[PDB]
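Below: data14.pdb (PDB, C-alpha atoms)
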```
ATOM      1  CA  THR W   1      53.771 -18.985 -39.566  1.00  0.00           C
ATOM      2  CA  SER W   2      56.330 -18.823 -42.435  1.00  0.00           C
ATOM      3  CA  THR W   3      55.566 -20.350 -45.838  1.00  0.00           C
ATOM      4  CA  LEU W   4      57.773 -21.134 -48.819  1.00  0.00           C
ATOM      5  CA  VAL W   5      56.190 -19.725 -51.996  1.00  0.00           C
ATOM      6  CA  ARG W   6      57.589 -20.514 -55.464  1.00  0.00           C
ATOM      7  CA  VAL W   7      56.862 -17.775 -57.999  1.00  0.00           C
ATOM      8  CA  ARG W   8      57.118 -19.003 -61.609  1.00  0.00           C
ATOM      9  CA  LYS W   9      58.646 -16.421 -64.009  1.00  0.00           C
ATOM     10  CA  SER W  10      55.482 -16.418 -66.118  1.00  0.00           C
ATOM     11  CA  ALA W  11      55.817 -12.739 -67.141  1.00  0.00           C
ATOM     12  CA  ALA W  12      58.722 -10.361 -67.973  1.00  0.00           C
ATOM     13  CA  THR W  13      58.400  -8.638 -64.580  1.00  0.00           C
ATOM     14  CA  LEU W  14      57.935  -9.779 -61.000  1.00  0.00           C
ATOM     15  CA  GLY W  15      55.170  -7.161 -60.648  1.00  0.00           C
ATOM     16  CA  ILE W  16      55.203  -6.265 -56.930  1.00  0.00           C
ATOM     17  CA  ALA W  17      55.632  -3.045 -54.945  1.00  0.00           C
ATOM     18  CA  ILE W  18      57.528  -3.609 -51.692  1.00  0.00           C
ATOM     19  CA  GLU W  19      57.731  -1.333 -48.644  1.00  0.00           C
ATOM     20  CA  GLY W  20      60.154  -1.807 -45.768  1.00  0.00           C
ATOM     21  CA  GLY W  21      63.628  -2.574 -44.571  1.00  0.00           C
ATOM     22  CA  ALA W  22      65.840  -2.217 -41.531  1.00  0.00           C
ATOM     23  CA  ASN W  23      65.645   0.971 -39.383  1.00  0.00           C
ATOM     24  CA  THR W  24      62.276   2.066 -40.825  1.00  0.00           C
ATOM     25  CA  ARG W  25      58.655   1.653 -39.594  1.00  0.00           C
ATOM     26  CA  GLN W  26      58.175  -1.579 -41.574  1.00  0.00           C
ATOM     27  CA  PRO W  27      61.395  -3.481 -40.729  1.00  0.00           C
ATOM     28  CA  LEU W  28      61.191  -6.202 -43.428  1.00  0.00           C
ATOM     29  CA  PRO W  29      59.950  -5.820 -47.068  1.00  0.00           C
ATOM     30  CA  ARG W  30      56.188  -6.154 -47.226  1.00  0.00           C
ATOM     31  CA  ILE W  31      54.262  -6.643 -50.495  1.00  0.00           C
ATOM     32  CA  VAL W  32      51.880  -3.674 -50.740  1.00  0.00           C
ATOM     33  CA  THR W  33      50.851  -3.947 -54.427  1.00  0.00           C
ATOM     34  CA  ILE W  34      50.638  -6.867 -56.841  1.00  0.00           C
ATOM     35  CA  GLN W  35      50.424  -5.666 -60.454  1.00  0.00           C
ATOM     36  CA  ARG W  36      47.908  -7.363 -62.720  1.00  0.00           C
ATOM     37  CA  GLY W  37      49.705  -9.377 -65.384  1.00  0.00           C
ATOM     38  CA  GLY W  38      53.067  -9.725 -63.620  1.00  0.00           C
ATOM     39  CA  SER W  39      54.628 -12.956 -62.331  1.00  0.00           C
ATOM     40  CA  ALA W  40      53.490 -12.490 -58.717  1.00  0.00           C
ATOM     41  CA  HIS W  41      49.828 -12.101 -59.762  1.00  0.00           C
ATOM     42  CA  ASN W  42      49.956 -15.359 -61.755  1.00  0.00           C
ATOM     43  CA  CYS W  43      51.404 -17.195 -58.719  1.00  0.00           C
ATOM     44  CA  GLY W  44      48.210 -16.987 -56.647  1.00  0.00           C
ATOM     45  CA  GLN W  45      50.040 -17.966 -53.425  1.00  0.00           C
ATOM     46  CA  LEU W  46      51.626 -14.508 -52.889  1.00  0.00           C
ATOM     47  CA  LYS W  47      49.349 -11.966 -51.252  1.00  0.00           C
ATOM     48  CA  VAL W  48      49.393  -8.268 -50.393  1.00  0.00           C
ATOM     49  CA  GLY W  49      50.504  -8.041 -46.780  1.00  0.00           C
ATOM     50  CA  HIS W  50      53.070 -10.881 -47.092  1.00  0.00           C
ATOM     51  CA  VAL W  51      56.398 -10.012 -45.511  1.00  0.00           C
ATOM     52  CA  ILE W  52      59.431 -11.402 -47.381  1.00  0.00           C
ATOM     53  CA  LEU W  53      61.919 -13.030 -44.985  1.00  0.00           C
ATOM     54  CA  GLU W  54      64.175 -14.786 -47.521  1.00  0.00           C
ATOM     55  CA  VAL W  55      64.738 -14.928 -51.273  1.00  0.00           C
ATOM     56  CA  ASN W  56      66.254 -18.168 -52.642  1.00  0.00           C
ATOM     57  CA  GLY W  57      67.512 -18.934 -49.095  1.00  0.00           C
ATOM     58  CA  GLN W  58      69.125 -15.480 -48.705  1.00  0.00           C
ATOM     59  CA  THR W  59      67.803 -13.763 -45.555  1.00  0.00           C
ATOM     60  CA  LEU W  60      66.502 -10.188 -45.846  1.00  0.00           C
ATOM     61  CA  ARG W  61      66.481  -9.727 -42.024  1.00  0.00           C
ATOM     62  CA  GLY W  62      68.516  -6.682 -41.068  1.00  0.00           C
ATOM     63  CA  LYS W  63      68.974  -5.475 -44.656  1.00  0.00           C
ATOM     64  CA  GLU W  64      68.096  -1.877 -45.581  1.00  0.00           C
ATOM     65  CA  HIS W  65      65.294  -1.462 -48.175  1.00  0.00           C
ATOM     66  CA  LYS W  66      67.509  -0.700 -51.202  1.00  0.00           C
ATOM     67  CA  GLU W  67      69.695  -3.765 -50.516  1.00  0.00           C
ATOM     68  CA  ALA W  68      66.620  -6.041 -50.024  1.00  0.00           C
ATOM     69  CA  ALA W  69      65.146  -4.753 -53.323  1.00  0.00           C
ATOM     70  CA  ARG W  70      68.480  -5.308 -55.115  1.00  0.00           C
ATOM     71  CA  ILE W  71      68.657  -8.918 -53.834  1.00  0.00           C
ATOM     72  CA  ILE W  72      65.084  -9.680 -54.986  1.00  0.00           C
ATOM     73  CA  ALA W  73      65.655  -8.035 -58.397  1.00  0.00           C
ATOM     74  CA  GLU W  74      68.900 -10.007 -58.898  1.00  0.00           C
ATOM     75  CA  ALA W  75      67.175 -13.273 -57.946  1.00  0.00           C
ATOM     76  CA  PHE W  76      64.320 -12.592 -60.431  1.00  0.00           C
ATOM     77  CA  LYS W  77      66.813 -11.688 -63.228  1.00  0.00           C
ATOM     78  CA  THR W  78      68.230 -15.324 -63.185  1.00  0.00           C
ATOM     79  CA  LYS W  79      68.460 -16.974 -66.640  1.00  0.00           C
ATOM     80  CA  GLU W  80      69.380 -20.471 -65.302  1.00  0.00           C
ATOM     81  CA  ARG W  81      65.832 -21.291 -64.176  1.00  0.00           C
ATOM     82  CA  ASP W  82      62.260 -20.081 -64.479  1.00  0.00           C
ATOM     83  CA  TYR W  83      61.213 -19.334 -60.887  1.00  0.00           C
ATOM     84  CA  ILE W  84      62.136 -17.566 -57.642  1.00  0.00           C
ATOM     85  CA  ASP W  85      61.530 -18.866 -54.057  1.00  0.00           C
ATOM     86  CA  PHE W  86      60.301 -16.570 -51.282  1.00  0.00           C
ATOM     87  CA  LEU W  87      59.982 -17.407 -47.589  1.00  0.00           C
ATOM     88  CA  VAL W  88      57.032 -15.225 -46.510  1.00  0.00           C
ATOM     89  CA  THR W  89      55.082 -14.551 -43.308  1.00  0.00           C
ATOM     90  CA  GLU W  90      51.656 -13.096 -42.446  1.00  0.00           C
ATOM     91  CA  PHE W  91      50.411 -11.388 -39.228  1.00  0.00           C
TER      92      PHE W  91
ATOM     93  CA  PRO E   1      58.891 -13.288 -32.044  1.00  0.00           C
ATOM     94  CA  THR E   2      58.419 -12.274 -28.393  1.00  0.00           C
ATOM     95  CA  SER E   3      55.247 -10.851 -26.808  1.00  0.00           C
ATOM     96  CA  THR E   4      55.865  -8.739 -23.719  1.00  0.00           C
ATOM     97  CA  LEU E   5      53.323  -7.269 -21.303  1.00  0.00           C
ATOM     98  CA  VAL E   6      54.464  -3.701 -20.622  1.00  0.00           C
ATOM     99  CA  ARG E   7      52.801  -1.751 -17.831  1.00  0.00           C
ATOM    100  CA  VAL E   8      52.875   1.991 -18.613  1.00  0.00           C
ATOM    101  CA  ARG E   9      52.160   4.040 -15.492  1.00  0.00           C
ATOM    102  CA  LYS E  10      50.163   7.238 -16.165  1.00  0.00           C
ATOM    103  CA  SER E  11      53.102   9.325 -14.866  1.00  0.00           C
ATOM    104  CA  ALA E  12      52.427  12.361 -17.085  1.00  0.00           C
ATOM    105  CA  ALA E  13      49.346  14.236 -18.401  1.00  0.00           C
ATOM    106  CA  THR E  14      49.897  12.735 -21.904  1.00  0.00           C
ATOM    107  CA  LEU E  15      50.619   9.208 -23.246  1.00  0.00           C
ATOM    108  CA  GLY E  16      52.925  10.577 -25.942  1.00  0.00           C
ATOM    109  CA  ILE E  17      53.002   7.948 -28.661  1.00  0.00           C
ATOM    110  CA  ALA E  18      52.206   8.036 -32.372  1.00  0.00           C
ATOM    111  CA  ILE E  19      50.715   4.826 -33.731  1.00  0.00           C
ATOM    112  CA  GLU E  20      50.493   3.715 -37.368  1.00  0.00           C
ATOM    113  CA  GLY E  21      48.287   0.896 -38.562  1.00  0.00           C
ATOM    114  CA  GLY E  22      45.172  -1.133 -38.291  1.00  0.00           C
ATOM    115  CA  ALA E  23      43.145  -3.690 -40.182  1.00  0.00           C
ATOM    116  CA  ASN E  24      42.923  -3.533 -43.999  1.00  0.00           C
ATOM    117  CA  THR E  25      45.931  -1.149 -44.299  1.00  0.00           C
ATOM    118  CA  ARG E  26      49.635  -1.781 -45.091  1.00  0.00           C
ATOM    119  CA  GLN E  27      50.564  -2.006 -41.379  1.00  0.00           C
ATOM    120  CA  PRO E  28      47.815  -4.340 -40.097  1.00  0.00           C
ATOM    121  CA  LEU E  29      48.293  -3.813 -36.331  1.00  0.00           C
ATOM    122  CA  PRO E  30      49.133  -0.506 -34.572  1.00  0.00           C
ATOM    123  CA  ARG E  31      52.876   0.046 -34.490  1.00  0.00           C
ATOM    124  CA  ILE E  32      54.518   2.687 -32.259  1.00  0.00           C
ATOM    125  CA  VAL E  33      56.380   5.007 -34.639  1.00  0.00           C
ATOM    126  CA  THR E  34      57.097   7.960 -32.305  1.00  0.00           C
ATOM    127  CA  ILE E  35      57.599   8.292 -28.540  1.00  0.00           C
ATOM    128  CA  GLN E  36      57.419  11.912 -27.346  1.00  0.00           C
ATOM    129  CA  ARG E  37      59.922  13.052 -24.745  1.00  0.00           C
ATOM    130  CA  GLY E  38      58.211  13.813 -21.417  1.00  0.00           C
ATOM    131  CA  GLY E  39      55.087  11.710 -21.905  1.00  0.00           C
ATOM    132  CA  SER E  40      53.998   8.632 -19.980  1.00  0.00           C
ATOM    133  CA  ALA E  41      55.361   6.188 -22.612  1.00  0.00           C
ATOM    134  CA  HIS E  42      58.827   7.775 -22.517  1.00  0.00           C
ATOM    135  CA  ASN E  43      58.932   7.509 -18.693  1.00  0.00           C
ATOM    136  CA  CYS E  44      58.080   3.783 -18.948  1.00  0.00           C
ATOM    137  CA  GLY E  45      61.402   2.849 -20.621  1.00  0.00           C
ATOM    138  CA  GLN E  46      60.121  -0.584 -21.674  1.00  0.00           C
ATOM    139  CA  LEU E  47      58.091   0.679 -24.678  1.00  0.00           C
ATOM    140  CA  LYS E  48      60.097   1.148 -27.876  1.00  0.00           C
ATOM    141  CA  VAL E  49      59.563   2.517 -31.380  1.00  0.00           C
ATOM    142  CA  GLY E  50      58.789  -0.445 -33.633  1.00  0.00           C
ATOM    143  CA  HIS E  51      56.689  -2.238 -30.969  1.00  0.00           C
ATOM    144  CA  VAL E  52      53.429  -3.572 -32.377  1.00  0.00           C
ATOM    145  CA  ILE E  53      50.487  -3.317 -29.940  1.00  0.00           C
ATOM    146  CA  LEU E  54      48.524  -6.590 -29.790  1.00  0.00           C
ATOM    147  CA  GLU E  55      46.351  -5.862 -26.730  1.00  0.00           C
ATOM    148  CA  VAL E  56      45.425  -2.932 -24.459  1.00  0.00           C
ATOM    149  CA  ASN E  57      44.244  -3.902 -20.949  1.00  0.00           C
ATOM    150  CA  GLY E  58      43.489  -7.420 -22.239  1.00  0.00           C
ATOM    151  CA  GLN E  59      41.401  -6.098 -25.184  1.00  0.00           C
ATOM    152  CA  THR E  60      42.809  -7.424 -28.463  1.00  0.00           C
ATOM    153  CA  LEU E  61      43.563  -4.940 -31.251  1.00  0.00           C
ATOM    154  CA  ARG E  62      43.826  -7.762 -33.867  1.00  0.00           C
ATOM    155  CA  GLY E  63      41.389  -7.094 -36.693  1.00  0.00           C
ATOM    156  CA  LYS E  64      40.463  -3.606 -35.444  1.00  0.00           C
ATOM    157  CA  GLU E  65      40.569  -0.642 -37.824  1.00  0.00           C
ATOM    158  CA  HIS E  66      43.009   2.184 -36.969  1.00  0.00           C
ATOM    159  CA  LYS E  67      40.258   4.558 -35.691  1.00  0.00           C
ATOM    160  CA  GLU E  68      38.932   1.897 -33.271  1.00  0.00           C
ATOM    161  CA  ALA E  69      42.431   0.895 -32.051  1.00  0.00           C
ATOM    162  CA  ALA E  70      43.234   4.599 -31.393  1.00  0.00           C
ATOM    163  CA  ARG E  71      39.886   5.064 -29.568  1.00  0.00           C
ATOM    164  CA  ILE E  72      40.619   2.043 -27.307  1.00  0.00           C
ATOM    165  CA  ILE E  73      44.112   3.358 -26.445  1.00  0.00           C
ATOM    166  CA  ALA E  74      42.857   6.916 -25.851  1.00  0.00           C
ATOM    167  CA  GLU E  75      40.031   5.621 -23.592  1.00  0.00           C
ATOM    168  CA  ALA E  76      42.506   3.415 -21.647  1.00  0.00           C
ATOM    169  CA  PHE E  77      44.752   6.450 -21.092  1.00  0.00           C
ATOM    170  CA  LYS E  78      41.886   8.749 -20.067  1.00  0.00           C
ATOM    171  CA  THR E  79      40.006   6.444 -17.697  1.00  0.00           C
ATOM    172  CA  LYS E  80      40.322   7.095 -13.985  1.00  0.00           C
ATOM    173  CA  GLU E  81      39.560   3.371 -13.255  1.00  0.00           C
ATOM    174  CA  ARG E  82      43.349   2.705 -13.165  1.00  0.00           C
ATOM    175  CA  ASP E  83      46.652   4.710 -13.156  1.00  0.00           C
ATOM    176  CA  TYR E  84      48.288   2.558 -15.833  1.00  0.00           C
ATOM    177  CA  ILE E  85      47.787   0.878 -19.202  1.00  0.00           C
ATOM    178  CA  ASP E  86      48.895  -2.664 -19.901  1.00  0.00           C
ATOM    179  CA  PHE E  87      50.068  -3.074 -23.460  1.00  0.00           C
ATOM    180  CA  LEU E  88      50.868  -6.509 -24.881  1.00  0.00           C
ATOM    181  CA  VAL E  89      53.532  -5.718 -27.500  1.00  0.00           C
ATOM    182  CA  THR E  90      55.637  -7.647 -30.000  1.00  0.00           C
ATOM    183  CA  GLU E  91      58.864  -6.958 -31.886  1.00  0.00           C
ATOM    184  CA  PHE E  92      59.368  -9.076 -35.068  1.00  0.00           C
TER     185      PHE E  92
ATOM    186  CA  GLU Y   1      41.603 -10.676 -55.219  1.00  0.00           C
ATOM    187  CA  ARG Y   2      42.776  -7.648 -53.228  1.00  0.00           C
ATOM    188  CA  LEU Y   3      45.757  -6.323 -55.294  1.00  0.00           C
ATOM    189  CA  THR Y   4      46.727  -3.341 -53.121  1.00  0.00           C
ATOM    190  CA  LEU Y   5      46.546  -2.202 -49.501  1.00  0.00           C
ATOM    191  CA  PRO Y   6      46.143   1.505 -48.685  1.00  0.00           C
ATOM    192  CA  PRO Y   7      48.622   3.454 -46.543  1.00  0.00           C
ATOM    193  CA  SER Y   8      47.924   3.251 -42.844  1.00  0.00           C
ATOM    194  CA  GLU Y   9      46.725   6.320 -40.884  1.00  0.00           C
ATOM    195  CA  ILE Y  10      48.966   7.719 -38.120  1.00  0.00           C
ATOM    196  CA  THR Y  11      47.553   9.108 -34.853  1.00  0.00           C
ATOM    197  CA  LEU Y  12      49.293  10.835 -31.936  1.00  0.00           C
ATOM    198  CA  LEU Y  13      47.828   9.642 -28.598  1.00  0.00           C
TER     199      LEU Y  13
ATOM    200  CA  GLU D   1      67.623   6.111 -27.454  1.00  0.00           C
ATOM    201  CA  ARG D   2      65.793   6.050 -30.844  1.00  0.00           C
ATOM    202  CA  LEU D   3      62.453   7.902 -30.324  1.00  0.00           C
ATOM    203  CA  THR D   4      61.172   7.835 -33.916  1.00  0.00           C
ATOM    204  CA  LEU D   5      61.226   5.508 -36.948  1.00  0.00           C
ATOM    205  CA  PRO D   6      60.974   7.116 -40.401  1.00  0.00           C
ATOM    206  CA  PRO D   7      58.536   6.032 -43.156  1.00  0.00           C
ATOM    207  CA  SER D   8      59.911   3.023 -45.041  1.00  0.00           C
ATOM    208  CA  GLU D   9      61.316   3.306 -48.580  1.00  0.00           C
ATOM    209  CA  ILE D  10      59.313   1.775 -51.497  1.00  0.00           C
ATOM    210  CA  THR D  11      60.331   0.014 -54.733  1.00  0.00           C
ATOM    211  CA  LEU D  12      58.428  -1.265 -57.765  1.00  0.00           C
ATOM    212  CA  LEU D  13      59.855  -4.616 -58.952  1.00  0.00           C
TER     213      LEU D  13
END
```

Conversion result in structure tokens:
Amino acid sequence: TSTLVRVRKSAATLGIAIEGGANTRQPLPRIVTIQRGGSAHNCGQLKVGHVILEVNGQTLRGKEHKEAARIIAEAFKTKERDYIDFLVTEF
Amino acid sequence: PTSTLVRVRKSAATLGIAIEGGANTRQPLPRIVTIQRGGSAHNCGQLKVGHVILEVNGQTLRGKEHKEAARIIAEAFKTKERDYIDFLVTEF
Amino acid sequence: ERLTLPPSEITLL
Amino acid sequence: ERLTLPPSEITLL
């Protein structure tokens, strides 16, 4: 039900719109847009509708939207390696 | 992820829930986003905002568009065949 | 290749 | 008890 997806940093941006976080209608960040040309689009294994549970092993469960977005942005901004790992789910 | 069968007795003239979602939209299954004070859902006590409705009287809502899911719920509330609605709900 | 999902409709029942 | 949930926030990353 949950899948690890490695997103290679193939473009300057991650290129996703996320909606959701604790205490709102969508309780975990859900990918609602994938921008053409960004890193997520090149991945092919990320899909609109995927809910992000973890980023590089860091859980997003219980985090408010702005904190979840900050964690993802920080993980993508890494200079030590050329990818980011998401644990995602679909239902 | 737990699925719970919640029996909502038709205790009031209205159901009193707002649902968001359906197939091919951002929220793929109907999610309860509002529970109105005084309605049948509020009297139940076991339904909560955030619950995702998987089935209504054994009829799956998986893959149904919002309009069809709302029609099924409205029909289940209106029908005089029974004085309750069974919702199978989940809370992930 | 669906790149976006539209906002869901809300209905009061 | 909580009787409503607000629309979620959105971010472009």

Problem set entry | Answer key for the PyMOL selection byres ((chain E) within 8 of (chain W)), residues as number ranges by chain | E: 26-28, 31, 33, 50

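Least-squares superposition of chain Y onto chain D, taking every C-alpha atom paired in order, leaves an RMSD of 0.4 Å.
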
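What the ChimeraX specification (/W :<10) & /Y matches in the given file is residues 1, 2, 3, 4, 5, 6 and 7 of chain Y.
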
For this session: Let me know the residues the ChimeraX specification (/D :<7) & /E catches in the file above, as a PyMOL selection string.
Result: chain E and resi 33-35+49

Quick one: residues within 12 Å of range 56-66 of chain E, only C-alpha atoms counted, chain neighbours fewer than 6 positions away excluded, as a PDB file with C-alpha atoms, in the frame of the given file?
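To be explicit, this is the file written out as result_0.pdb:
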```pdb
ATOM      1  CA  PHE W  91      50.411 -11.388 -39.228  1.00  0.00           C
TER       2      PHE W  91
ATOM      3  CA  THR E   4      55.865  -8.739 -23.719  1.00  0.00           C
ATOM      4  CA  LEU E   5      53.323  -7.269 -21.303  1.00  0.00           C
ATOM      5  CA  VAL E   6      54.464  -3.701 -20.622  1.00  0.00           C
ATOM      6  CA  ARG E   7      52.801  -1.751 -17.831  1.00  0.00           C
ATOM      7  CA  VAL E   8      52.875   1.991 -18.613  1.00  0.00           C
ATOM      8  CA  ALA E  18      52.206   8.036 -32.372  1.00  0.00           C
ATOM      9  CA  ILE E  19      50.715   4.826 -33.731  1.00  0.00           C
ATOM     10  CA  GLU E  20      50.493   3.715 -37.368  1.00  0.00           C
ATOM     11  CA  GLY E  21      48.287   0.896 -38.562  1.00  0.00           C
ATOM     12  CA  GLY E  22      45.172  -1.133 -38.291  1.00  0.00           C
ATOM     13  CA  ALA E  23      43.145  -3.690 -40.182  1.00  0.00           C
ATOM     14  CA  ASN E  24      42.923  -3.533 -43.999  1.00  0.00           C
ATOM     15  CA  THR E  25      45.931  -1.149 -44.299  1.00  0.00           C
ATOM     16  CA  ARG E  26      49.635  -1.781 -45.091  1.00  0.00           C
ATOM     17  CA  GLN E  27      50.564  -2.006 -41.379  1.00  0.00           C
ATOM     18  CA  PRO E  28      47.815  -4.340 -40.097  1.00  0.00           C
ATOM     19  CA  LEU E  29      48.293  -3.813 -36.331  1.00  0.00           C
ATOM     20  CA  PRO E  30      49.133  -0.506 -34.572  1.00  0.00           C
ATOM     21  CA  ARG E  31      52.876   0.046 -34.490  1.00  0.00           C
ATOM     22  CA  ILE E  72      40.619   2.043 -27.307  1.00  0.00           C
ATOM     23  CA  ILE E  73      44.112   3.358 -26.445  1.00  0.00           C
ATOM     24  CA  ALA E  74      42.857   6.916 -25.851  1.00  0.00           C
ATOM     25  CA  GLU E  75      40.031   5.621 -23.592  1.00  0.00           C
ATOM     26  CA  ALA E  76      42.506   3.415 -21.647  1.00  0.00           C
ATOM     27  CA  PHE E  77      44.752   6.450 -21.092  1.00  0.00           C
ATOM     28  CA  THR E  79      40.006   6.444 -17.697  1.00  0.00           C
ATOM     29  CA  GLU E  81      39.560   3.371 -13.255  1.00  0.00           C
ATOM     30  CA  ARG E  82      43.349   2.705 -13.165  1.00  0.00           C
ATOM     31  CA  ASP E  83      46.652   4.710 -13.156  1.00  0.00           C
ATOM     32  CA  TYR E  84      48.288   2.558 -15.833  1.00  0.00           C
ATOM     33  CA  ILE E  85      47.787   0.878 -19.202  1.00  0.00           C
ATOM     34  CA  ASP E  86      48.895  -2.664 -19.901  1.00  0.00           C
ATOM     35  CA  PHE E  87      50.068  -3.074 -23.460  1.00  0.00           C
ATOM     36  CA  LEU E  88      50.868  -6.509 -24.881  1.00  0.00           C
ATOM     37  CA  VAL E  89      53.532  -5.718 -27.500  1.00  0.00           C
TER      38      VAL E  89
ATOM     39  CA  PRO Y   7      48.622   3.454 -46.543  1.00  0.00           C
ATOM     40  CA  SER Y   8      47.924   3.251 -42.844  1.00  0.00           C
ATOM     41  CA  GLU Y   9      46.725   6.320 -40.884  1.00  0.00           C
ATOM     42  CA  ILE Y  10      48.966   7.719 -38.120  1.00  0.00           C
ATOM     43  CA  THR Y  11      47.553   9.108 -34.853  1.00  0.00           C
ATOM     44  CA  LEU Y  12      49.293  10.835 -31.936  1.00  0.00           C
TER      45      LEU Y  12
END
```

Exercise. Which value, in Å to one decimal, gives the distance between CA of residue 20 in chain W and CA of residue 15 in chain E?
Worked result: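 About the pair CA of residue 20 in chain W and CA of residue 15 in chain E: they are 26.8 Å apart.
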
Exercise. If you count only C-alpha atoms, which residues fall within 12 Å of residue 60 in chain W, apart from same-chain ones fewer than 5 positions away, as a PyMOL selection string?
Worked result: chain W and resi 20-22+27-30+51-55+65-72+86-88

For this session: In Å, rounded to a single decimal, give me how far CA of residue 85 in chain W is from CA of residue 57 in chain W.
Result: 7.8 Å

Exercise. Which polymer residues have any atom within 12 Å of an atom of residue 77 in chain W, counting only C-alpha atoms, with same-chain residues fewer than 3 positions away left out, as a ChimeraX atom specification?
Worked result: /W:9,11-14,70-74,80-84 /D:13

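In this model, the gap between CA of residue 8 in chain W and CA of residue 63 in chain W comes to 24.7 Å.
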
Could I see chain Y restored to N, CA and C atoms, set down as a PDB file, in the coordinates of the input?
```pdb
ATOM      1  N   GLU Y   1      40.788 -11.335 -54.212  1.00  0.00           N
ATOM      2  CA  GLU Y   1      41.603 -10.676 -55.219  1.00  0.00           C
ATOM      3  C   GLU Y   1      41.916  -9.219 -54.861  1.00  0.00           C
ATOM      4  N   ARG Y   2      42.359  -8.986 -53.622  1.00  0.00           N
ATOM      5  CA  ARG Y   2      42.776  -7.648 -53.228  1.00  0.00           C
ATOM      6  C   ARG Y   2      44.195  -7.476 -53.792  1.00  0.00           C
ATOM      7  N   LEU Y   3      44.422  -6.509 -54.700  1.00  0.00           N
ATOM      8  CA  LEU Y   3      45.757  -6.323 -55.294  1.00  0.00           C
ATOM      9  C   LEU Y   3      46.595  -5.191 -54.687  1.00  0.00           C
ATOM     10  N   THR Y   4      45.997  -4.394 -53.806  1.00  0.00           N
ATOM     11  CA  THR Y   4      46.727  -3.341 -53.121  1.00  0.00           C
ATOM     12  C   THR Y   4      46.154  -3.144 -51.733  1.00  0.00           C
ATOM     13  N   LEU Y   5      46.957  -2.559 -50.846  1.00  0.00           N
ATOM     14  CA  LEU Y   5      46.546  -2.202 -49.501  1.00  0.00           C
ATOM     15  C   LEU Y   5      46.838  -0.715 -49.386  1.00  0.00           C
ATOM     16  N   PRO Y   6      45.905   0.057 -48.831  1.00  0.00           N
ATOM     17  CA  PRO Y   6      46.143   1.505 -48.685  1.00  0.00           C
ATOM     18  C   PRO Y   6      47.099   1.832 -47.550  1.00  0.00           C
ATOM     19  N   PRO Y   7      47.732   3.029 -47.622  1.00  0.00           N
ATOM     20  CA  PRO Y   7      48.622   3.454 -46.543  1.00  0.00           C
ATOM     21  C   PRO Y   7      47.864   3.557 -45.238  1.00  0.00           C
ATOM     22  N   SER Y   8      48.520   3.169 -44.164  1.00  0.00           N
ATOM     23  CA  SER Y   8      47.924   3.251 -42.844  1.00  0.00           C
ATOM     24  C   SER Y   8      47.814   4.718 -42.365  1.00  0.00           C
ATOM     25  N   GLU Y   9      46.849   5.000 -41.495  1.00  0.00           N
ATOM     26  CA  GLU Y   9      46.725   6.320 -40.884  1.00  0.00           C
ATOM     27  C   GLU Y   9      47.652   6.319 -39.641  1.00  0.00           C
ATOM     28  N   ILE Y  10      48.140   7.502 -39.286  1.00  0.00           N
ATOM     29  CA  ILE Y  10      48.966   7.719 -38.120  1.00  0.00           C
ATOM     30  C   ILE Y  10      48.216   8.640 -37.154  1.00  0.00           C
ATOM     31  N   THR Y  11      48.229   8.289 -35.857  1.00  0.00           N
ATOM     32  CA  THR Y  11      47.553   9.108 -34.853  1.00  0.00           C
ATOM     33  C   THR Y  11      48.458   9.308 -33.657  1.00  0.00           C
ATOM     34  N   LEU Y  12      48.519  10.543 -33.128  1.00  0.00           N
ATOM     35  CA  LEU Y  12      49.293  10.835 -31.936  1.00  0.00           C
ATOM     36  C   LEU Y  12      48.309  10.729 -30.755  1.00  0.00           C
ATOM     37  N   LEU Y  13      48.633   9.894 -29.782  1.00  0.00           N
ATOM     38  CA  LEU Y  13      47.828   9.642 -28.598  1.00  0.00           C
ATOM     39  C   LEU Y  13      48.505  10.077 -27.306  1.00  0.00           C
TER      40      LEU Y  13
END
```
